[PDB]
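Participant: Provided hereafter are the protein sequence and its experimental coordinates.
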Amino acid sequence: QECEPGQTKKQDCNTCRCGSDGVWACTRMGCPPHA
Amino acid sequence: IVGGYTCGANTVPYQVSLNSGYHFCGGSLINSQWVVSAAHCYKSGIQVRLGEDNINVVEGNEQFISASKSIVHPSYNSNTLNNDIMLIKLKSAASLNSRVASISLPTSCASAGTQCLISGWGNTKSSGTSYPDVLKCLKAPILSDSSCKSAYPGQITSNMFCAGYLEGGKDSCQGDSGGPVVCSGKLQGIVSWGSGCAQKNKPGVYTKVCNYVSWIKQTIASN
Ligand SMILES: [Ca+2]
C-alpha cells in the first residue's frame, strides 16, 4: 500500500485521500507556479 | 488531458478557464451569465476566461469576465468530494457567438457505454508534468457503476460516475478539474478526481450533472 487507508495528504495544492485499497486519489486542479 | 488530441480552436465553445492569476480549473458555460464547475475549484475573486484556445497567447477570441457570485453546492463535502459542483455567475453576460456558446443541461442521466467528449488544459502526462498551450480533447465512454465502484471501493456516491478506459492511457488530469464531460450534446459531467491519471483500473471520476438540473435552475432563479 502506498498509503494507509483514511489518511490525507496534499500534492501541491490538490487534496488527496487514501482509499481502503491503499491507493491515493486526488483532485485535479492546477496550482500556483513554483518559486 | 492524458492521451488526448488538439481540439481545434473554439471547437468546444462552452469550455472556460477559471483564472486566479493563473489557469487552475475548467468550467462550462450553460447560459450567457452562468458557468458550471467543480466545488473544489472555489476561490473568491475568480476571473472567467471564455473563448480561449491558446491559454497563454491573446488570440482575439477571448472574453475575460469576473465572477460576481461563486456558489458551491451547500452539501459539497470536501472530505468525500460528494456534490462536487459550483455555479459561477458572471458579473456581466458573455457575448455569445460561434466561438463562445453555451452547452445544454441534460434531460436524463447518461448511460454506460455512451461516448463523451472531455476537455481541458491540464497535464498531458501520467508520469511527470507537461501542460499544453492549446485546449485538449478526449473521447471517452461512460463506465458501468459497478466497474466504477470496484475501482474506487467505498468512495463512489450516487452523484459520481466514472468515464475513460480501465486499461489506462487516456484520462483527464491535474488542471482539468471543473471542466466538461459532454455526451449526446449535453453536459453530463464535471472533472473531479481520480487515482493518478490514466492508470490501469483507475478511471476518472466525474460529478454527475444530471442529478443537479433542478438545483441549478433553482439557484440561478434566486440569484
Ligand atoms: Ca488565449
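Facilitator: Received it, and whenever you're ready, just let me know what you need. Residues are numbered from 1 along each chain as shown, chains lettered A, B, ... in the order given.
Participant: Quick check: nearest residue in space to residue B:36, chain neighbours excluded?
Facilitator: Leaving aside its chain neighbours, residue B:36 sits nearest to residue B:28 (4.9 Å; criterion: C-beta to C-beta, 6 or more residues apart in numbering or on different chains). Where C-beta positions appear, they are placed from N, C-alpha and C, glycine not excepted.
Participant: is it true that that neighbour lies in a strand?
Facilitator: Yes: judged by DSSP: H, G, I helix; E, B strand; the rest coil, residue B:28 forms part of a strand.
Participant: Identify the residues contacting it.
Facilitator: By C-beta atoms under 8 Å, 6 or more residues apart in numbering or on different chains, residue B:28 lies in contact with B:14-16, B:35-37, B:103, B:179-180, B:187, B:190.
Participant: bridging residues for it?
Facilitator: Counting by DSSP bridges, residue B:28 forms beta bridges with residue B:15, residue B:36.
Participant: For it, give its distance to residue B:14.
Facilitator: Using C-beta to C-beta, to the nearest Å, we find residue B:28 at a distance of 5 Å from residue B:14.
Participant: For chain B, which segments count as helices?
Facilitator: Applying DSSP state H to chain B gives helices spanning B:145-151, B:213-222.
Participant: Mind listing residues that contact the last one?
Facilitator: By C-beta under 8 Å, 6+ apart, the list of residues contacting helix B:213-222 from outside reads B:30-31, B:34, B:36, B:71, B:73, B:85, B:87, B:105-107.
Participant: Ok, the shortest one next?
Facilitator: Contacts made with helix B:145-151 from outside it, assessed by C-beta under 8 Å, 6+ apart, are listed as B:112, B:156, B:160-162, B:166, B:201-203, B:205.
Participant: Report the buried members of these.
Facilitator: For those, a burial check counting by 16 or more other C-beta atoms under 10 Å in any protein chain shown picks out B:156, B:160-162, B:202-203, B:205.
Participant: Let's have those in JSON lines, adding distance to the ion.
Facilitator: Below are those laid out as JSON lines (distance: C-beta to the ion, whole Å):
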{"residue": "B:156", "distance to the ion": "36"}
{"residue": "B:160", "distance to the ion": "32"}
{"residue": "B:161", "distance to the ion": "31"}
{"residue": "B:162", "distance to the ion": "31"}
{"residue": "B:202", "distance to the ion": "32"}
{"residue": "B:203", "distance to the ion": "30"}
{"residue": "B:205", "distance to the ion": "29"}
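Participant: If we check chain A, which of those residues are in contact?
Facilitator: Checking these against chain A by C-beta under 8 Å from any C-beta of the partner chain, the ones in range are B:202, B:205.
Participant: Would you mind giving me the PyMOL syntax to select the buried ones in the contacts of helix B:213-222?
Facilitator: Of the contacts of helix B:213-222, the buried ones go into a single PyMOL selection, burial set by 16+ other C-beta under 10 Å:
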select buried, chain B and resi 30+31+34+36+71+73+85+87+105+106
